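One structure is given below, encoded as structure tokens.
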Amino acid sequence: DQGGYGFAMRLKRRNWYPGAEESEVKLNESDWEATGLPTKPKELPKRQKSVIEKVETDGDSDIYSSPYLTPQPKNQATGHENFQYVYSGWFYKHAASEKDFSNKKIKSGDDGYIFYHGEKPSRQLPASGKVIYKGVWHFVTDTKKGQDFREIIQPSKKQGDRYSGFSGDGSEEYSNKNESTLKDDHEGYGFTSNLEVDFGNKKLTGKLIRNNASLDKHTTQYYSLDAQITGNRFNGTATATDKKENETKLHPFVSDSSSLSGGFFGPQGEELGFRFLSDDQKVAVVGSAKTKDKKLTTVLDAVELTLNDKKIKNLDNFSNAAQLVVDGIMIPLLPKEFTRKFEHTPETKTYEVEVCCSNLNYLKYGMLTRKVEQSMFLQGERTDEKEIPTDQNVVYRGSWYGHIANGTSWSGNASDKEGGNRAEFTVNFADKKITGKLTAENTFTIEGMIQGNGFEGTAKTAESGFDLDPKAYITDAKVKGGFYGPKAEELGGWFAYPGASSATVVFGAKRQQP
Amino acid sequence: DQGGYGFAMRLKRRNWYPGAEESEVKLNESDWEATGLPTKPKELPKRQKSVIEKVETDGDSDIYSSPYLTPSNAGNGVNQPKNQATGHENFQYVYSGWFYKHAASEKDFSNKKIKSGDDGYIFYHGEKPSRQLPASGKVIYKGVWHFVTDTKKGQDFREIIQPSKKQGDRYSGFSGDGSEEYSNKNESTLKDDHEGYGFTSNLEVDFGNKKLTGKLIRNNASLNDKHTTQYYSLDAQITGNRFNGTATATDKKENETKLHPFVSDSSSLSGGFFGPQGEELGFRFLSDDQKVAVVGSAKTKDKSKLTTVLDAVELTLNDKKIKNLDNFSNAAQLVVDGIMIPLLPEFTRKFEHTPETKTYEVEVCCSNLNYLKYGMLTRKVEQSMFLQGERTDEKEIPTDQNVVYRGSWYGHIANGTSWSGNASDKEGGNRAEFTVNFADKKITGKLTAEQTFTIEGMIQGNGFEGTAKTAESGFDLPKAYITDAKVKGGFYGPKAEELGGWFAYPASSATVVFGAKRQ
Ligand code: NA
């Protein structure tokens, strides 16, 4: 979707002051909150935790949270419990009532959040095969006067009416979360998720169930899931398994959702997080799942090349070339005209960014400066390896940002004109062969082999030295890159030297046509 | 208990008018209704049926009832459910079950009343309460049982009734609800450990020790390993043709959360035996927490020395004929024409009574008798004598070889003109005396008007039989003559503190009831 490390949704409490009563408080897409990057996924998300810390109590000040979270119920899919990258769950307080009679506000009930968050969003995934993910899921409901969800939460405290139904409520007493052993057909403890991810076809399906207390089949299914995978993200729908027919509907899971979204985390996407909001705005869900406890394709490139030390770091990215993720904050690259330039301060003081180009849509590259640090960056969404064209002669044209020196330093931005930085590449896909040239003043020569949706080769200053306007002699510099966008219209790469002349360069070119 | 042909309990519907809402409606002992004696036990009880007939509907007017019941005066759909204990299904004397309508909602805003849900009854009723039972042995009875619950806001019983319509909250949970979908009542074959279809009862009656035990279970839908669920065990003492005791909720746990209503014991199990030798029975109870009422019925296997537990007879004057009366093992409760006439509000007594034959006139004796009552009964005009008593257990029959009993008798005799004489304590009026040799199984005595009769007989178990005769000589009012009068009687109360009997004849007639007390 619009990408992020995580999302949280707060419980609602309904005003029941007589004469100024809200009959209902619905959930809204706008209610979703970003969590930010967690240092430790097992801990509560910091922004929302701080909110709850300040929530007033009167008799019980503790924060209660999902049992596997960092402060004897269980909530886990057996064989799939050792999360390292992604956590979902809930936390709350027995919040004091708001009793503001002269402003006509009375509110009572728990206050808290459901959430998921993760670290290390994936840049590679299995190339093929169907893989089973299991884990947990959580929910929070709207509030409506007279409403109860007695099938899921015993309504002695007006859960669903005065404050949201949620999966952490003390009266959620129909799951097996407190039992000591499992029935033969239980998937685990409490509310659990089961997803089948088809990396071959870039899609996934799943089921969200409750494992039922034993006091006849022991689970109940509330949703099935369907989603398309794009890069490290996925988007789709949730289908309510029991909606309204012969029943008056004793639970909140009665409407489909068209807003299922999530993403993969970890080295090869072995964990995932997701959320959705029901179309009738009655229920929000978050969840997490992982491969069983213990060949790849690359879906994106996102790198930072630091000048001062010529070093190259991987950046996080949510499979969106136009969204630059640095230091856990998200910097957009298009203003909701070749190249571009601007600065940005969140909430390092400010970020200065120069980005190219206007004609590129799956690939962005340029300059990044913190304040003072300076780096180049490149990020792109790789084309599916199965979409790599077979054409034997393909020309790409564009530019590049350059920083090089054997004595004094030369720096040159990218440009469309005139004798400024220019790049050209000819690719023989059939041969798995790639070559091209970068010129400043009319010089590097690059040979490489294509592998899947990526390439790898060398860049040399040739013979001998370059200019510095003193000869810089770079030869056998490792060059890595990729093809971005559908059907590989855009391509990009970078190189650092060494692995008395230095060099750091990002470049990107666009495909032509007869 | 207090005896009767049957009992019914109505479903509750909770008021949910906002602002005037009942959060709960509990069941009460006072909610039990007498059914009266059914002409045909397979039919619905008439009083309660009439109530349900008048219950308003708006879309579906049918009365739904237990599958083995007579639809009678009422229809169905998607229907072949069963509710039966296999091998024990051919009831003739006693039926239990339920009947109901999809009642219209009461929508009376102007009286702040909103009520919705089914309206109906559970019940059992029987005919021919037993005057004899097997003398000994343990006997298996099986059958069915039914329940109705209280109503409470937010409450559901999802383990027994799928709560889509707020069963247990807006209207009573009950065993006939359309959403009782977890029993096997609709299945076509039985698992090998099912006792039958739907909710069934299993009782072991120990006639030797005058007690019984039992189990009430559900036979579960097959949707490995066991296919029934037990909700109660039962324990009761038998007294005459009645039994009383307790029900014990099988799963009350402690910690709950209790998805069914059967969570509390009951100290009010009561029922009775029906049929020639008590081969069928009916029972009811109300849970101590007033959350559930149960009724049921059971019978010996579908197709033995007997003991007599009571005598209850009517001797009609005009035709000198003798009919058995129904009785619920209670000497002080006179049951005639299906209605119950109490006999205690001073020797003898007299009074009249009209139920709801115009009125009944009764003269009853005596004040010192507690397991035996006898006197005059008149309908309006018909006239009869009656006697009824609770027999002493044959095993309690004393061995004493010389025992005197003293009392009186009511007399009606004539060879020409008629002589009638009430019973009395004094003076030369009717007086009776008996000497009994239990060891000899021998009994004799005399009735005198002041002239007399003389009775002799032998003793079989807890009853006696023999003959009575005038002096002949003759009698008074002019003389009447009696010879070889057929005499029947019994011993009543613990260790036979009491005894009584009667005779009819058969140009002289005679009809006499008598009762005496031990000295
Ligand atoms: Na009755």
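In peptide A:247-256, what is the residue-averaged number of other protein chain Cβ atoms found within 10 Å of each Cβ?
Partner Cβ neighbours, averaged per residue: 2.
Peptides A:108-116, A:398-406: what's the order by average Cβ count within 10 Å, highest mean first?
So the order, starting with the most tightly packed, is A:108-116, A:398-406.
Past the 29 Å Cα-Cα mark, which pairs from A:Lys74/A:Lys202; A:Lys336/A:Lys433; B:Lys54/B:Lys165?
Check vs 29 Å cut-off fails for A:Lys74/A:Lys202; A:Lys336/A:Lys433.
Short version: ³J(HN,Hα) in whole Hz for each residue of the range A:204-213, in order, from phi by Karplus 6.51 cos²θ - 1.76 cosθ + 1.60 (θ = phi - 60°), x for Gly and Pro, what are they?
Running phi through 6.51 cos²θ - 1.76 cosθ + 1.60 with θ = phi - 60° gives 8, 9, x, 9, 10, 10, 10, 7, 8, 4 Hz.
Determine the principal axes of the Cα atoms in the range B:135-235, then give the extent along each, sorted from largest to smallest and rounded to whole angstroms.
Taking the Cα atoms of the range B:135-235, the three principal extents are 50, 31, 19 Å.
From the phi angles alone, apply the Karplus equation (6.51, -1.76, 1.60; θ = phi - 60°) to the range B:151-166 and give each ³J(HN,Hα) in whole Hz, x where the residue is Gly or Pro.
Computed from phi, the couplings for the range B:151-166 are 10, 8, 4, x, 6, 9, 10, 4, 5, 10, 9, 4, x, 5, 9, 6 Hz.
Treating only the Cβ of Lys, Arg, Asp and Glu as charged (+1, +1, -1, -1), what charge dipole size does chain A show about its Cα centre? Round to the nearest 20 debye.
About 180 debye.
Just to confirm a number: summing +1 for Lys and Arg and -1 for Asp and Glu over residues other than A:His80 whose beta-carbon lies under 10 angstrom from that of A:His80, what do you get?
Residues near A:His80 contribute -1 overall.
Compute the Cα gyration tensor for the range A:320-464, then decide on rounded, prolate or oblate, letting a ≥ b ≥ c be the square roots of its eigenvalues: rounded whenever a/c is under 1.5, prolate when a/b is larger than b/c in the other cases, and oblate in all that remain.
oblate
Identify, among A:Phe253, A:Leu195, A:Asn232, the residue whose Cα sits farthest towards the positive end of the charge dipole of chain A, taking +1 on the Cβ of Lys and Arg and -1 on the Cβ of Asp and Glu, with the dipole about the Cα centre.
Of the options given, the answer is A:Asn232.
Net charge around B:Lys517, counting only other residues with Cβ within less than 10 Å of its Cβ (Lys, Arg = +1; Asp, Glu = -1)?
Result for the neighbourhood of B:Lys517: 0.
Could you work out Rg/(2.2 N^0.38 Å) for the range A:352-435, with Rg from alpha carbons only?
Against the compact-globule rule of thumb, the ratio is 1.32.
When the dipole is taken about the Cα centre of the protein assembly as shown, and only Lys, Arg (+1) and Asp, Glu (-1) are charged at their Cβ, what size is it in debye, to the nearest 20?
Around 240 debye, computed over the protein assembly as shown.
Show that you can apply the helix-only estimate: for chain B, add -39,500 (n - 2.57) for every DSSP H stretch of four or more residues, divide by all residues, and state [θ] at 222 nm to the nearest 500.
Value at 222 nm, helices only, nearest 500: -500 deg cm²/dmol.
May I ask you to order A:45-58, A:117-130, B:411-424, B:487-500 by the average number of other C-beta atoms within 10 Å around their residues, highest value first?
So the peptides A:45-58, A:117-130, B:411-424, B:487-500, ranked by packing, come out B:487-500, A:117-130, B:411-424, A:45-58.
Per residue, how big is the convex hull of the range B:226-361 when only Cα atoms are used? Give it in Å³.
So the per-residue Cα hull volume is 223 Å³.
Can you give the net charge of the other residues whose Cβ lies under 11 Å from the Cβ of A:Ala284, counting K and R as +1 and D and E as -1?
Taking every other residue near A:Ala284 into account, the sum is +2.
Give the value in nm², to one decimal: projected area of the alpha carbon convex hull of the range A:1-117, averaged over all directions.
Taking the Cα atoms of the range A:1-117, their convex hull projects to 9.4 nm² on average.
Compute the Cα gyration tensor for chain A, then decide on rounded, prolate or oblate, letting a ≥ b ≥ c be the square roots of its eigenvalues: rounded whenever a/c is under 1.5, prolate when a/b is larger than b/c in the other cases, and oblate in all that remain.
It is prolate, given that a/c is not under 1.5 and a/b is the larger ratio.
Give me the inter-chain shielding for B:361-370: mean count of other chain Cβ atoms within 10 Å, whole number please.
Mean number of neighbouring Cβ atoms from other chains: 0.
On a 24 Å Cα-Cα criterion, which of the cross-link pairs A:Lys203/A:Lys295; A:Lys243/B:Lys113; B:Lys138/B:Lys301; A:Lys49/A:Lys107; B:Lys215/B:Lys291 come out too long?
A:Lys243/B:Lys113
Based on the Cα gyration tensor of the protein assembly as shown, what are the three equivalent ellipsoid semi-axes, each the root of five times an eigenvalue, rounded to whole Å and given largest first?
After scaling each eigenvalue by five and taking roots: 98, 25, 21 Å.
Give me the Kirkwood hydrodynamic radius of the range B:405-519, using the inverse of the mean 1/r over all pairs of distinct Cα atoms, in Å to one decimal.
14.0
Sorted by average packing, counted as other Cβ atoms within 10 angstrom per residue and highest first, what order do B:316-328, A:187-199 take?
A:187-199, B:316-328
No value in this document is a laboratory result; all are computed from the given coordinates. Backbone-built Cβ (ideal geometry, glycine too); neighbour counts: all protein chains shown.
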